[PDB]
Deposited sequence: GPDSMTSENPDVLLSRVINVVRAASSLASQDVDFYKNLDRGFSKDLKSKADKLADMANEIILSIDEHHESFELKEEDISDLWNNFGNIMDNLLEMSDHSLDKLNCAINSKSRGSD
């Protein structure tokens, strides 16, 4: 049935993050040093996996996000080009 485990896993994370975000996390993060810490570790864990994806492609906050916009742009052009070529071969 061709089910995608990866995409399913990705969605669970989003739900989990989102559900987590709905709480007053800033309130608890500021209230408890212990909580703040694990939380950063889990986020870093999430961060580690995302950079690994970026390492796979291999093509200051301002300076940072700008850099992310750049990678999404890189991926989407490869895709547009793939689409353009299918459309052309048909036509």
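Missing residue ranges, deposited sequence indexing starting at 1: Unmodelled stretches: 1-7, 67-76, 109-115.
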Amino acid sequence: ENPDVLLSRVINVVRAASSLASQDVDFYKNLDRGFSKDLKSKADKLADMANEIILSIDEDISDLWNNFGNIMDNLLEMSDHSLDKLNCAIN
From here on, numbers count along this sequence of modelled residues.
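Mean temperature factor over C-alpha atoms, higher-scoring stretch between 41-49 and 28-36: Comparing 41-49 with 28-36, the higher average CA B-factor belongs to 28-36.
Can you let me know which of the two, 2-10 or 82-90, has the higher average C-alpha B-factor in the entry? Mean C-alpha B-factor is greater for 82-90.
Whose C-alpha has the highest temperature factor in the PDB entry: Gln23, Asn74, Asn67, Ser18? Among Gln23, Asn74, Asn67, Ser18, the PDB entry lists the largest C-alpha B-factor for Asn67.
Split into thirds by Cα B-factor across the chain's modelled residues, where does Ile54 land: lowest, middle or highest? Middle third - that is where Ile54 ends up once the chain's C-alpha B-factors are sorted.
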